[PDB]
Amino acid sequence: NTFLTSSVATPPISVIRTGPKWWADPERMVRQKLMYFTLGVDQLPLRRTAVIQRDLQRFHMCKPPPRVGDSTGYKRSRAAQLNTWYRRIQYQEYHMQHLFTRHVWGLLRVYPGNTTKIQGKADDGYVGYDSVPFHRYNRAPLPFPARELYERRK
Amino acid sequence: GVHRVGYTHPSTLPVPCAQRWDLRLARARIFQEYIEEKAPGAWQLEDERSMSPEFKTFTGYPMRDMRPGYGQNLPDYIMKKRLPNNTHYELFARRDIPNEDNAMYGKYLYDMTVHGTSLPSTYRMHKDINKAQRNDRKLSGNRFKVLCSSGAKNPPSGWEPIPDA
Amino acid sequence: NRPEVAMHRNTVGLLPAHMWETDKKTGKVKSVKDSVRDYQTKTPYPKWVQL
Amino acid sequence: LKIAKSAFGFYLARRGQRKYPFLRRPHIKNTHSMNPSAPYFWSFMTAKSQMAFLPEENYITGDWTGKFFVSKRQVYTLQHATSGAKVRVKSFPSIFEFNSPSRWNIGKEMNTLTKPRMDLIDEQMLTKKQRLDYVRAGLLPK
Amino acid sequence: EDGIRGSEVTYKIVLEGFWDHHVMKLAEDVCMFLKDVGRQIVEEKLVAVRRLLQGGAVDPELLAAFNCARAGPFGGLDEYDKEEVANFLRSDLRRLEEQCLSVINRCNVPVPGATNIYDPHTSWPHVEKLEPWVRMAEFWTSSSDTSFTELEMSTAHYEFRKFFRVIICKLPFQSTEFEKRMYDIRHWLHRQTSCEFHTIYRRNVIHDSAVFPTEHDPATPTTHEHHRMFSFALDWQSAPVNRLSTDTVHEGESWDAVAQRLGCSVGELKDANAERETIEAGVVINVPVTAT
Amino acid sequence: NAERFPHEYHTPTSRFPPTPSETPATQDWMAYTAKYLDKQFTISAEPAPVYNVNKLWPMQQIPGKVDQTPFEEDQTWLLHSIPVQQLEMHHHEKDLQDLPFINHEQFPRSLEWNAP
Amino acid sequence: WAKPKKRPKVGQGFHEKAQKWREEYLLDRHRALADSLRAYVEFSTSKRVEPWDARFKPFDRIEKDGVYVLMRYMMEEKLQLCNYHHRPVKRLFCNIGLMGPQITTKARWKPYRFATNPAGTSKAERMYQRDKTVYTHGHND
Amino acid sequence: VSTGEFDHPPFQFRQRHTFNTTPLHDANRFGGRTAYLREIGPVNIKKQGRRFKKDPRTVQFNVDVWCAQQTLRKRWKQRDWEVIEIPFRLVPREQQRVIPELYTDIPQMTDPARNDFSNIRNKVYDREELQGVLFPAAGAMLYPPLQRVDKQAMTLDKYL
Amino acid sequence: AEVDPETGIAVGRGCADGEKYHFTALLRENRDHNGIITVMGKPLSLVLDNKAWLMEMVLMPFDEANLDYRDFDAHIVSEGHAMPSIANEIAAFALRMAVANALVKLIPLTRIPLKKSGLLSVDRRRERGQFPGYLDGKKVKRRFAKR
Amino acid sequence: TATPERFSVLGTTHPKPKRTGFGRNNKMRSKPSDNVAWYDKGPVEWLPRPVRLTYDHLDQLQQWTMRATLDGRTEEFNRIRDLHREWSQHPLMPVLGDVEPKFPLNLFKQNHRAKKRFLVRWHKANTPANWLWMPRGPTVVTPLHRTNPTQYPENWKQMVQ
Amino acid sequence: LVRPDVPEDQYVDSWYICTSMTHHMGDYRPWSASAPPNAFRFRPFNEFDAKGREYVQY
Amino acid sequence: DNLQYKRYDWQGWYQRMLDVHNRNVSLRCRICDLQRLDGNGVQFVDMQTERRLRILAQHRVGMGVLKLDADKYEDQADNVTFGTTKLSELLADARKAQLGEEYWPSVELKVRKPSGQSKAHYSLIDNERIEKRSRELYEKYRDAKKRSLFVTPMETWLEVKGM
RNA sequence: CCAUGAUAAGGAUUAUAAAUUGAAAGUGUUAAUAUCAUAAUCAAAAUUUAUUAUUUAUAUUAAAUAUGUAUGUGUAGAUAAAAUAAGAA
Ligand SMILES: [Mg+2]
Ligand SMILES: [Mg+2]
């Protein structure tokens, strides 16, 4: 991993709201798929996501279907329910990506960006060479040189 | 690689032939050319932007040279540089001036040929007319300011200003 | 030498330590001696200049 | 302008905080000209080459009666120290004199020996409002 | 070359207005003018040519010009008789008649329903378009001392424009009369419209192997050091170099000894010096210009 | 003492990247091997064409001058002493038309105008 | 656009104050300069932490193999002569050639300010514990 | 037809390290060259900065020099050859012509009549075919002659 | 059908962003059944950077027309602003359009499926003109403060 | 010259004050903030920091996977299979009336921070260990996946009759 | 339509007025007068569109 | 100028300014028309002379037309003088190719590095000597490896000068 | 230095087709009231002014002289911008 510096975390929903621009950008989604496939694990959530989003993109310039007014509000609530389903289908994916990426990085002897967990290796966030001399969230002092997660041979 | 540039004189070859460097010196005599001795061999860099048909900015010629430090200061820059004489700067110097007609002819000349006389500028005429109008009602909100004061302070032997009321 | 190329080639022999006054504990320059009064030179102008 | 510190206070507009093209601001105010660097000492705000000759302004060019201050791009020379002659420079409020000669000055331009913006402030060139605003920024005590 | 693609002289008149239609209609005006004047001149030339074709003598001078060679292609001084020379002359005149006729015939194509002055096959002179000069001015419309933002938000775009048409006339010969009419169209141009005149003509230059001789490279070569900055002003003379046309005869010398020293045939050295029959020591002599 | 400080005395004819002093056997692997590694190596240099070999090309250089060839390795570019543009930037023709935004024009000729 | 108010007069005896203040600001600057030159040279002369980032390859490798072998037997003397300053160290690695294209491309180096720490540096805090009275641009210890 | 970045990103509100966004002078742009352009830290505008490092035109110029280096570098790594200056006699039949200098005429075909159409400019010759010409002094050939493949020979690909 | 009688070539043009992308497709029938698409002298794969979601846009007109893409040779020419990489969806939109217009000049009836699937249809959209009033030069107004 | 004992007017002036705080207008305190990670909930810190998976990593991955296959190491494949099985189950369709809360209008002006501050603080509180709409557990029946190591192809010899 | 439907060469974008005017006061020539007689989609030549003409020529 | 700068005190300086803006005189000739028999029966410009002409005037030739743009003097007359001179001076130098082969400009071939096939022999260079030697080096190594854990090439065949 | 005129900024309901998301209500410099005064850049210069998007950690001062300062858990209060070749219902 080349990008090492401390970062700003964005809530999952705003990441998903980027649609085609980032979250569903074809290019990105394909190399996620590559990671999964190479690990020998089906990519179902990715495929659900890709389906939902593919279709989002196809109809993205159309006006929504005409609404008739109801005291029930069954329509509004069914649209909502469907929507939060899709949101959750994608939360699951977003989680999977962060999960597997961290795990794979643990196998590749990769050091993550500052303040990032790698389950077996760095439990509290890993940090080295931050702009700030302490670990940001522990409030503990950082050693020089940067802490090493892996034994030396390569 | 770091090497010594080298030259084989044609008398030494097993066929005489005209060496490209020798030709280069010919070309330098003909169109008199400064040969920069310190020009680093490593620094050939075309200007990608203007010289590659791949960029929308493609003129076909090396618009700038890509040398970071290069400045108007350097003797080399001075030697190939367009002097300001007879460029647009000269054109501005002459044609852009406060009253554009003073570019075409002497005002006095024109005035004296066309009208019988020199004419004051419009502004001056305004102040003149106004003085005449407001000297007709009130007097003595005024002052007497001249270029040369001696003419008022010692007036000629005659000159008895008409009393006013 | 400026830091860009040869910085590591600077020597301690470049410092005019005899010109200033140091604090023993810190290792820092506290004061500077006066330069001009005792200053002797055979070359106010370069050697080849005769006015 | 709001306050007229010179004639130009009358002629010029500020235009808020307005951007000018790179390294052309209409008025050359070199606040940085004395800005200490040990390693860059000989390259910063000085001649780009050490083989350049000293400027025009180190020489007496014509028949002079005398001068009031020498220019600030004049470079301090061993003779400035040694000769014991008046060396003045035009700074604000009035003039800065080099009175206490040192060899440490030698080879730099007086731009670099004269602090343009002093940490010292006159309370008497300040309006009561301006003094307030200088207390807000934590400069003047009050 | 034949037809449209070749000529002795080309004039390009570059007309410029402030408005596009101005320059378009000016180009129609000037174009029809040059069509008429062109046809008149070229017709005159054509009758001169047809007369020269019908018959004429040969200059003694033109014959002499064919016969100045030390050796022709067949490796000896060649004798052109007046016949042959007249035949060369005649062949060129033939070609000039074809060209004249081509220009005239295109002058007569563009009638009122049918006029197209853009294609060169359909008219003489023809007209080429030239991309317009367009400068865009960007500026603040606000007068505000207080805010930069408000100044930027008011920004106008206006353009200066200048429009151009080009008129091309290629002629098979050069006539000062045509050139004169053409320079004078600037006096009757349309309102607020100007023009340039480009000329491309053919001209004889003369390469003198006498003034610019072709010699071996010097026994010592010239370095990069004769090329420094200001070497142009310091280390070099302007070409051509001055080679002396006059030499003094040394004491022991003789005609052939002098010729040998100067690099000539003795014949040459006698021709250049024809006044003198014999050459004494310390006498001034003319060096034949071909001398090596 | 000027040669002792390489980055200090830059005349304004001097150009980057600086050229390193030459080294005797360096021009090809055989020469190098012969002089440094294995000293009984029979071939002292790799066969030298009797005609001139122009190592910088198309650029012509002054014969007899120690020179460098454009670097193939990225690191060689990156770690050399080549500087970045810092002050305002100049062009010997284009300086007369001041900036790109002030684009001074003496006459309004078509930008495509062609000299006869 | 309001008519500009007139600026109040300068001050009385402020010409003397400005003279004195600039005078001894300059006198002070002489020692600040002297001291920062001392510091700059002391830094150039003294040793530094290793410039390469060991978290990546070819540097992570156990100190008894690979690049470290190449360093201990061929480059050691030179690496010590230049005091592990990051610029000459990186250049020496380019000129040893037995790594060759990798130095800039595969290998990672510590960031500027970390690489500038004195040899022996244990805690990161050290970057901030250097002297601020001295004008070296972070080139001081 | 390169996919790489040739343009420096425009200055805006401070970019931060995010999904989908990195800092402007981040170490990952332009192969870490951005070091040269970087003012680190929460820069105090009034007192500190280096002006050229925020200037669009200057910055872009620097980046353009760097790109030029990249291309030059790769064009030279692409050469396997030297230019040798060989007298007109001894050169192969295809070069016995006149060869206009670069960008002077139409890009030129080596031998249209023999069915070879390719830039004469970029034709490269084997050091082994020019051996007799380039090292006449040596007697015995220094390089052993190229061995060539019989395209009429029955070999594994002809299914025999 | 507007086709060059000798070369058997037909010519369409695509646009997107009114300036940025102008393409011209030369389309001709391949009788050997090995067809290929080429853009500015380079194979389509390389030019669009192997990104599938771009290249399938250039496949679409052959689909809609119920044709086998391998029966056709195409070369596309960039007449707009040149750039080192045209792989991006807008450029691809323009490409698809050029190809489709060529196809229609070549096989006239094929126009009816194409027109219905909105291939031949041209969308007119542009980046906003640059303008110094806005911070970014395009969409963003400067900071505002109450007096 | 000769650095003086006293400085009359130099140290005389009023000292500039130390800043009390950081960030915008130097007024921000040092405290725990929304951007702070929680390392106590699940394998991923929450909220997750940005992560860039590169083709470089994909190649290193391939080579690792290969080298592992050839040394007959089946264990990390099994941990990965487990992880995947746990977190990839299909999330259940939500009941009507169940939606994520929006931020109340007429609280702050539309350009205010509070908006984002709400969103973050919501998603921070729902960690993936709190997602109840995805069915993870030992209780869960998983029709799409293989249950344990014994059912994967490298066990194939025991599957033989 | 704001102004008569006619080949635009007949119109000039007015100075100082936001409007176009006709460079021959008020006369109008129909499209038919720009092309040859009975020109398909008034065209210099019927065989091809502008681009078709270009690349056929090349 | 027929418009504005036609008639008054500025007509003079504007006129002159145009004339100086227009000093350039373009001088052309086809190299074709230079190949003709000279007065001496020798061809004035032959193949070699043409090659030399092209190399001497570099970008000043295109499409087989030599073109000199003479800008040096303010007046067109002087530029035809100047241009004409440079032309004959350049012809004078190109014509040297008729003095003998030494002046025929060289051809620039791109000659490949030695091939893979040649480079293969690089590993057999001095084969005998190197095997015979490597046995002695093996002895040196066997012995050195009784003392120390790691034997460097610098203890065996490599020389590194200590002082 | 009293001594009239005139052009800015400032989204809130004429919509999609063959079509523009910038307005008149006036922002220093401009034309009839005069009756204290030479204040104007051609360099190298002195922060108090509402009205301004700066470069944040692999590699860091070469040509006109060109900015030494604020590392502090992306952390108060209060504020800014956008539905236009983009992707928001
Ligand atoms: Mg007003
Ligand atoms: Mg004045």
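Here, every reference points to the structure presented above.
Residues numbered from 1 in each chain as written, not as in the entry; some residues may be left out. Chains lettered and ligands numbered in written order. Part of a larger assembly, values for the part shown. Heavy atoms only, no water.

Asks: Give a description of the overall build of chain D that names residues and reports values.
Replies: When you go through chain D residue by residue, the secondary structure sums to three helices and three strands. Tracing chain D from N to C terminus, the helices and strands come up as β-α-α-β-β-α. Whereas a compact globule of 142 residues would reach a radius of gyration of roughly 14 Å, chain D reaches 19 Å, over 25% beyond that. Projected onto its principal axes, the C-alpha positions of chain D cover 45 × 40 × 35 Å. Counting every position in chain D, which comprises 142 residues, the buried fraction comes to 34%. Long-range contacts, defined here as pairs at least 24 residues apart, represent 43% of the contacts in chain D between residues at least 6 apart. Surface accessibility of chain D: about 9600 Å² in total, with carbon and sulfur atoms responsible for 56%. Of the charged side chains in chain D, 25 are positive and 9 negative, and the gap between their average positions amounts to 10 Å. (Helix = DSSP H or I, 4+ residues; strand = E, 2+ residues; numbered from the N terminus. Rg over C-alpha atoms; globule rule 2.2 N^0.38 Å. Buried < 20%, exposed > 50% of the residue type's maximum accessible area, 1.4 Å probe, protein only. Contact = heavy atoms within 4.5 Å. Areas by Shrake-Rupley, 256 points an atom, 1.4 Å probe, with all protein chains shown as cover. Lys, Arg positive; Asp, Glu negative; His and termini not counted. Charge placed at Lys NZ, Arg CZ, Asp CG, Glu CD.)

Asks: Summarise the protein's contact with RNA strand M; cite the residues concerned and give the values.
Replies: In the vicinity of RNA strand M there are 186 residues, among which A:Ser6, A:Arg139, D:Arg14, D:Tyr134 and I:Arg143 approach most closely. Here the atoms of RNA strand M within 4 Å of the protein split so that 50% fall in sugar or phosphate, with bases taking the remainder. Within the side chain of D:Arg14, a nitrogen or oxygen atom sits 2.4 Å from a sugar or linking oxygen of RNA strand M. J:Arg24 places a polar side-chain atom, nitrogen or oxygen, 3.0 Å from a base oxygen of RNA strand M. Listing elements by their share of the surface near RNA strand M, those giving two or more residues are α7 (122–134) of chain B, α1 (8–11) and α3 (128–136) of chain D, α4 (148–153) of chain E, α3 (86–96) and α5 (112–115) of chain G together with α3 (89–106) of chain I. (Near = heavy atom within 4 Å. Polar contact = N/O pair within 3.5 Å; in protein donor to acceptor, adjacent residues only side chain to side chain.)

Asks: Got a sec to walk through the interface of chain A and chain J? Specific residues and values, please.
Replies: Accessible area lost when the parts come together is the quantity often used to give the size of an interface. Facing the 58 residues of chain A at the interface are 50 residues of chain J. In total, about 5500 Å² of surface goes out of reach between chain A and chain J, with carbon and sulfur atoms giving 68% of it. Summed over the shared surface of chain A and chain J, the number is three salt bridges. We note a salt bridge from A:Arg88 to J:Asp98, for which the minimum N-O separation is 3.0 Å. At the boundary of chain A with chain J, the tally comes to 21 residue pairs in polar contact. Among the secondary structure elements, those contributing two or more residues to the side of chain A that touches chain J are α1 (12–16), α2 (26–39), α3 (44–58), α4 (74–107), β1 (116–118) and β2 (122–126) of chain A. In terms of residues, the side of chain A that touches chain J owes the most to one element, α4(A), which gives 23 residues. (Buried area = accessible area lost by both parts, 1.4 Å probe. Salt bridge = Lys/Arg side-chain N within 4 Å of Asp/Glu carboxyl O.)

Asks: Break down the interface of chain L and chain F for me, with residues and values.
Replies: With 16 residues of chain L in contact, the opposing surface of chain F contributes 18 residues. If you sort the residues of chain L by the area they bury against chain F, L:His21, L:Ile125 and L:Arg129 come out on top, with a joint share of 30%. Taken together, the connections running from chain L to chain F amount to two salt bridges. Taken together, chain L and chain F are joined by seven residue pairs in polar contact. With four residues, the top contributor of residues to the side of chain L that touches chain F is helix α1 (residues 9–21) of chain L. Among the residues forming the side of chain L that touches chain F, the class breakdown is seven nonpolar, three polar and six charged. (Nonpolar A, V, L, I, M, F, W, Y, C, P; charged D, E, K, R; others polar.)

Asks: Requested: an account of a positive patch on the surface, with residues and values cited.
Replies: The grouping of D:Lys5, D:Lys19, D:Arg25, D:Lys29, D:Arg117, H:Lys47, H:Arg51, H:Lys54 and J:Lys16 at the surface amounts to a positive patch. Within the secondary structure, H:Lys54 is located in the segment before α1 (56–77). (Patch = residues over 30% accessible without salt bridge, like charges linked within 9 Å, V, L, I, M, F, W, Y side chains within 5 Å.)

Asks: Describe the side chain of F:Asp38, listing the residues and the values that go with them.
Replies: With respect to the element layout, F:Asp38 can be found in the loop between α1 (29–37) and β1 (53–54). Setting aside residues no more than four positions away along its own chain, F:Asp38 makes contact with F:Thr33 and L:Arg129.

Asks: Run through the pattern of salt bridges, naming residues and quoting values.
Replies: Applying the stated criterion across every chain yields a total of 93 salt bridges over all chains. Ionic pairing is found between B:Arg64 and H:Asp64, a salt bridge with its closest N-O pair at 3.0 Å. Placement of the pair is B:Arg64 in the loop between α2 (48–51) and α3 (75–79) and H:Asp64 in helix α1, with the two residues belonging to separate chains. We classify B:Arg64 as partly exposed; its relative accessible area is 22%. Judged by relative accessible area, which is 7%, H:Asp64 ranks as buried. A network of salt bridges, in which partner residues are shared, links B:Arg29, E:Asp217, L:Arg52, L:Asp93 and L:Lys96.

Asks: Explain the sheet that holds β1(F) to me, and be specific about the residues and the numbers.
Replies: Taken together, four strands build an open sheet; the order of strands is β1(F)-β1(H)-β4(L)-β4(H) and the sheet is mixed. Edge positions in the sheet fall to β1 of chain F together with β4 (124–125) of chain H, since each of these pairs with one other strand and no more. Bridge count between β4(H) and strand β4 (residues 107–111) of chain L: two bridges; the pairing is parallel. By the bridge assignment, H:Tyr125 is partnered in β4(L) with L:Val111. (Pairing = 2+ DSSP bridges.)

Asks: Outline the sheet that holds strand β2 (residues 126–140) of chain E, listing residues and values.
Replies: All names here are of chain E. The four strands are arranged β2-β3-β1-β4 in an open sheet whose pairing can be described as antiparallel. Edge positions in the sheet fall to β2 and β4 (194–200), since each of these pairs with one other strand and no more. Strand-to-strand, the axes of this sheet are offset by a mean angle of 20°, without reference to chain direction. Relative to β4, strand β1 (residues 9–17) runs antiparallel, the two sharing seven bridges. Looking at β4, one finds that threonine 10 is bridged to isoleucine 200. Where helix α1 (residues 20–54) meets the sheet, it contacts β1, β2 and β3 (155–171), and its direction lies at approximately 10° from that of β3. (Axes fitted to C-alpha atoms, helices over the stretch in contact; angles between N-to-C directions.)

Asks: Now, about a nonpolar patch on the surface: what can you tell me, with residues and values included?
Replies: A cluster of nonpolar residues, B:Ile78, B:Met79, E:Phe230, E:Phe232 and E:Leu234, forms a patch on the protein surface that exposes about 500 Å² of accessible area. With respect to the helices and strands, the residue E:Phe232 is situated in helix α6 (residues 231–234).

Asks: Let's hear about the packing of aromatic side chains: which residues, and what values?
Replies: Within the structure shown, the criterion is met by 68 aromatic pairs over all chains. With 6.5 Å between their ring centres and 50° between their planes, A:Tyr91 and J:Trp133 make a pair best called tilted. Placement of A:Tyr91 in helix α4 and of J:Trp133 in the loop between α3 (114–125) and α4 (156–159) is noted, with the two residues assigned to different chains. Neither A:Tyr91 nor J:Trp133 differs from the other in exposure class; each is buried. Summarising the aromatic geometry, the rings of F:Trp29 and F:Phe41 are spaced 6.1 Å apart at their centres and angled 70° between planes, so their arrangement reads as edge-to-face. One end of the pair, F:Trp29, is in helix α1; the other, F:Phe41, is in the loop between α1 and β1, and 12 residues separate them in sequence. Using a relative accessible area of 10% as the deciding quantity, one classes F:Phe41 as buried. Ring pairs connect the aromatic residues G:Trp52, G:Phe59, G:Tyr68, G:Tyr84, G:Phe93 and G:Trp109, which therefore count as one cluster. Over the aromatic face of J:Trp38 sits the side chain of J:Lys41, whose NZ or CZ is 3.5 Å from the ring centroid. We note K:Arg3 situated over the ring of K:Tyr11; from NZ or CZ to the ring centre the distance is 4.0 Å. (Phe/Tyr/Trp six-rings, centres within 6.5 Å; stacked < 30°, edge-to-face > 60°. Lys NZ or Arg CZ within 6 Å of the ring centre and 35° of its normal.)

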